[PDB]
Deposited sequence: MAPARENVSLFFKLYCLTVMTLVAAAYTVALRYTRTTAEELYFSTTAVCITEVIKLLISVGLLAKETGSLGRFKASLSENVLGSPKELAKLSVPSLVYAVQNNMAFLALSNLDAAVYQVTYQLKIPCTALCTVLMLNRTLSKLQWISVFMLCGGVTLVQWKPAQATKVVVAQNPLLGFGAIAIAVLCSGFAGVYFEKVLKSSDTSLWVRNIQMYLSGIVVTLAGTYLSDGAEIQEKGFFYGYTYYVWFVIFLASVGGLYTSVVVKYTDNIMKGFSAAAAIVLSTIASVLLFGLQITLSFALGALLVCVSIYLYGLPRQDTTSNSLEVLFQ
C-alpha cells in the first residue's frame, strides 16, 4: 500500500501542479498551497497519534510530554521545516516555468545529494560498489522519467535555479529528519507533529513576506480550483508517506524503492491497460533493477 500510494502520488503530483500553473486565467499564490499542505499533514498526523496511543488520555499525555514539554525537539525540527518550506516552494516555482518531464529528470539529482548527506550526517558508509549503484539508479530514473515536451510567461533559467535549490534541500532536510527520528524511541507521528507545527509558521510567514501585499488585494485562496486542492491533497499524502518510508528503511532506500515502484507500476499498466512505453524507460528500468541488486550485496 505505502509504495502504491507513493507512486500514484508521484505520477499525479508534478503533472497536476504543472497543469494548475499553466492553464489558469486567475492564478493562485503557490506559497499558500505549501502552507495549507503542512496544516493538512499536521491534522492527519494528530489523527494517527490518537490511533497509536489508542486512548484520549494517552493521546493528551503524549502531546503534553512530547510537544508541550519538549521545546528542544521543536527547536531542532524547525530547521528541516525551514528547509522544506524552501524546497516545497521551489517545486511550485520550477513547475510554473518548466515542463514536467524536464522537472522530473533534473530533480533526480536529489538521489546523489541524499546519499552524500546520509554519509555525512548519519555516521554511515557506502562502499565503492554502493556508490556505483547510486549513480546507476540516478541514470536509470533519468531514463525512466525522460519524455518529449504554456500560454503564460515562462523563465526556464529561474525554473532550473529552483530545482538546484530544491535538490540541496531534499538531501539535507530529509536526512536531518531521519537523524532526529532514529535518535530516540519517540513516535513517528510525534516527530511529524513537532515538525509540521513549525512548518505551518515558517510557510505562512513566507506567504506573508512573498505575497502578503497582493493577497491583501486579491485574497489568500484566490485562484483555487478543484485541481489546486488535489495538488495539496497529493502533497500532504506524499509528505506523510515519505516519512513512513524513512522510518522503515532510510533516505537512500527511499530512492531505490520509489524507482522500483514507478518501474513495476508502469509495467503493471502495460499488461493491464495496453500502456505504451519508450525505449528510454525500458533501459532505465533495467538499470534500476541492476542498481538495487548491486546496492543490496554484502560489503
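- According to the record, the deposited residues with no C-alpha atom in the structure span 1 to 14, 164 to 167, 318 to 330.
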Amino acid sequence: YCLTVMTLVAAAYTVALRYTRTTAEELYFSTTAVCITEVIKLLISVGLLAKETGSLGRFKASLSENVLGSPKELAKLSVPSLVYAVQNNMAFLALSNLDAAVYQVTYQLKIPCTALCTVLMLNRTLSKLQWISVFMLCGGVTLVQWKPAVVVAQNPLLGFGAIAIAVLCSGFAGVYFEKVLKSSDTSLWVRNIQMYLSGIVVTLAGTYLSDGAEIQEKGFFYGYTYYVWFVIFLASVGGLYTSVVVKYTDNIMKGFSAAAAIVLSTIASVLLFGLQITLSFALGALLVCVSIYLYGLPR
From here on, numbers count along this sequence of modelled residues.
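- When the two stretches 160 to 168 and 207 to 215 are set side by side, the higher mean Cα temperature factor goes to 207 to 215.
- Set 1 to 9 against 288 to 296 and average the Cα temperature factors; 1 to 9 ends up higher.
- Compared with the other modelled residues of the chain, the Cα B-factor recorded for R58 ranks in the highest third.
- In this PDB entry, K147 carries a Cα temperature factor that places it within the highest third of its chain's modelled residues.
- Per-chain ranking of the deposited C-alpha B factor places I277 in the highest third.
- Sort the modelled residues of the chain by CA B factor and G140 lands in the middle third.
- Placement of the Cα temperature factor of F92 within the chain: middle third of the modelled residues, per the deposited record.
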